[PDB]
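Quick heads-up: it's one chain on its own, the form deposited in one PDB entry, in C-alpha cells.
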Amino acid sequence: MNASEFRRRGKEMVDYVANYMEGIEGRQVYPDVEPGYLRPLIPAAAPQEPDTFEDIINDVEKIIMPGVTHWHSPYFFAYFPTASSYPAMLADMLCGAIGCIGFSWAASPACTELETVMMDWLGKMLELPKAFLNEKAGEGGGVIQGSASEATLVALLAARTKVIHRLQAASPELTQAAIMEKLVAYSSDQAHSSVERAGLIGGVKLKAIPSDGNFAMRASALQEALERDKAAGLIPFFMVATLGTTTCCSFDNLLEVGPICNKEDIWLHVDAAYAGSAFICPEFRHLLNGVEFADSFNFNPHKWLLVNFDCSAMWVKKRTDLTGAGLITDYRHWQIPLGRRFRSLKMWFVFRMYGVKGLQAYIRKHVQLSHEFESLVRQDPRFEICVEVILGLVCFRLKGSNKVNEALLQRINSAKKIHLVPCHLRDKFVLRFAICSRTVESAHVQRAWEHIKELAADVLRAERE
C-alpha cells in the first residue's frame, strides 16, 4: 500500500470501527464457536498474490467476529474491564505512524520523555507520595510496563538482585545459588496468578499469607508467617500486597503490612492492577494509604482508566534499585524487553481529551452501577453478598451449595445473553459481577439482574428433584 490508498482504506476502517462500536449492543457477548473453528475457514498457506481489502474486511465479519468475545459490550461483566476509548485509539494510530522503537533516548527522544512526564501526571492524579515522582529530581520515577504481570516480575527481579547484593556484602563467600535456596516471597492467598508466575520465573519460593474474614492481608497473619519461615532459615525478600484482588476486590492493609516489610527489609510491591484507577477519586484514595511504605507501586490504566492495552503504570522510589536487576533518558533497565513503542501518546491523549474530571466521572459512574447491582441482590433473600462492595465488582451467590451456583453459572453462560465468571472464596463457589463496558448503563445492569434472577428460579427448582 502507498499513502494515498491508506487515506481511502484508513477512513473506511474508521467507519468500520465506529459501526462496530455503535452496533455492539446487538452482538452476542460470548461466542458460539467451538475450539478449533477458525483453521478450516481460511487457506492453509499465505496467498502468493495480494487479496483485496474488500475480501479481508468481509472475512473479519464472516470468520473473525463469530469467534470474538465482545469485551466492550455493555453485557460483558466478566473478569475486570479492559480499556477502550477513542482518544487512546487515535493516539495508537499516531504511535504506529511515528513507528519508533524507544530502546534508547536517541532512538526517539520524545518517546521516552513524554512517558516520564505522563507518569508524573498520573502519579499526581493518584496523589502518590513525591518519592515516586520523577519531576527531573530525586531518585524515584515511573515507567510504562506492558502488563501488571510483567511489572510484578520486574519488581521481584529488582528485589532479588538487591537482597543478593546485601547478603553477599554481609557474607562475601556466599554464592548467589546458596542465597537462592533460602529466598522466599509473599503474597495474599487472593493474589493474582502473576505473582506465582513471577516466583517461578525468578526461581524463588513463594508463600501465600492467609487472608482475614474480609480477604485482606493483615499484620497478624504476616507476622505469623515470618516467624515460621525465618525460624526455618528462609530469607523473606519480596512481598506483593494487593489493592483490589482479582477474586473479590478486597484490599490488603498497607498501614499494617508496610511497616513490617520496611523493618524486615522486604521489598514491598503494591499491585493495584484494577483498583488503582479509582484512587484518582478522593473518596477512594484512602484505600491507597500506606503506599508511602512501598518500594514499588503498579496499576493498569489498560483496565479501568481508558488507556487501551497495553499500558501498565509502575513507579519506584529508587531508580537505582530498579535498574540493577534526575533526568530519565532510557528505560532499558526498567522492563523485561529492550524494545518499546510510543505508548505514552495514549496516556497523553486520554488524559487531555477526558480531563481529570472526565476520568473521575467515568470511575464514579461505574462504581454507582456496581452499587445498583448490589442493591438488587440485597433485595433477594435467596442470594448473599460474600464481600463488601467498594468498586466495580460484586461477589454474590445463591445461598446453599456450590453445586446450585455452578448450575446457575452454566445456565447464564449457556443462554449467552450476558457474560460473567466465577471464583472461589475458601471452599465457596462465588459468582462475580464486574462493571466493564465504557458504555454500560443502569438499564443494562438491571436487565442482567433480571436475567440472573430468572435463571436462579429454574436452577433452584431443579435442585429439589
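Heads up: residue numbers just count along the shown sequence, starting at 1. Between two forms, the rigid core is defined as the largest C-alpha subset superposing within 1.5 Å.
* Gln335: absent from a third or more of the other PDB entries compared? -> Yes, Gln335 lacks coordinates in at least a third of the other compared entries.
* **Other entries modelling both neighbours but not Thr323, at least a third** => Yes; at least one third of the other entries leave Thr323 out.
* How many residues sit between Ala325 and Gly326 in the deposited sequence but have no coordinates: none, 1 to 3, 4 to 9, or 10 or more? -> In the deposited sequence, 10 or more residues between these two have no coordinates.
* Asked: Going by the B-factors listed in the PDB entry, is the mean over the C-alpha atoms higher for 164-172 or for 150-158?
  -> Looking at the recorded C-alpha B-factors, 164-172 comes out higher on average.
* Comparing 450-458 with 6-14, where is the mean C-alpha B-factor higher? -> Taking the mean B-factor of the alpha carbons in each, 450-458 is higher.
* Whose CA atom has the top B-factor in the entry, of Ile144, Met347, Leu226, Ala275? -> Each of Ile144, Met347, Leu226, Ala275 was compared by C-alpha B-factor; the highest is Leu226.
* Per the PDB entry, maximal CA B factor within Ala434, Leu41, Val68, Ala407 -> Going by the entry's C-alpha B-factors, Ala407 comes out highest.
* Record-listed C-alpha B factor of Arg438: chain third -> Lowest third of the chain for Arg438's C-alpha B-factor.
* Asked: C-alpha B factor of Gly140, ranked within the chain: lowest, middle or highest third?
  -> It belongs to the highest third of the chain when residues are ordered by C-alpha B-factor.
* With respect to C-alpha B-factor, does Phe351 fall in the lowest, middle or highest third of the chain as deposited? -> Lowest third.
* **Where the record places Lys263 (Cα B-factor, split into thirds across the chain)** => Highest third - that is where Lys263 ends up once the chain's C-alpha B-factors are sorted.
* Asked: What third of its chain's C-alpha B-factors does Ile63 belong to: lowest, middle or highest?
  -> Middle third - that is where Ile63 ends up once the chain's C-alpha B-factors are sorted.
Just so it is clear, the following notes concern the form deposited in another entry, a form of the same protein that is not shown.
* When you overlay the rigid core, is the Cα of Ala83 off by 2 Å or more between this form and the one not shown? -> Yes, shifts by 2 Å or more.
* Establish whether a shift of 2 Å or more occurs at the C-alpha of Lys399 between this form and the one not shown, with the two forms superposed on the rigid core. => For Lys399, whose C-alpha is compared between this form and the one not shown after core superposition, the shift is less than 2 Å.
* To do: Using a rigid core alignment, state whether the CA of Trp71 is displaced by 2 Å or more between this form and the one not shown.
  => Result for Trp71: yes, a 2 Å-plus shift.
* Pair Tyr354/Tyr79, Cα separation in the other form versus the displayed form, closer or farther by 3 angstroms or more -> They are closer; the C-alpha distance drops by 3 Å or more in the other form.
* Asked: Knowing the Cα distance between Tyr37 and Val421 changes 3 Å or more in the other form, does it shrink or grow relative to here?
  -> Pair moves farther apart in the other form.
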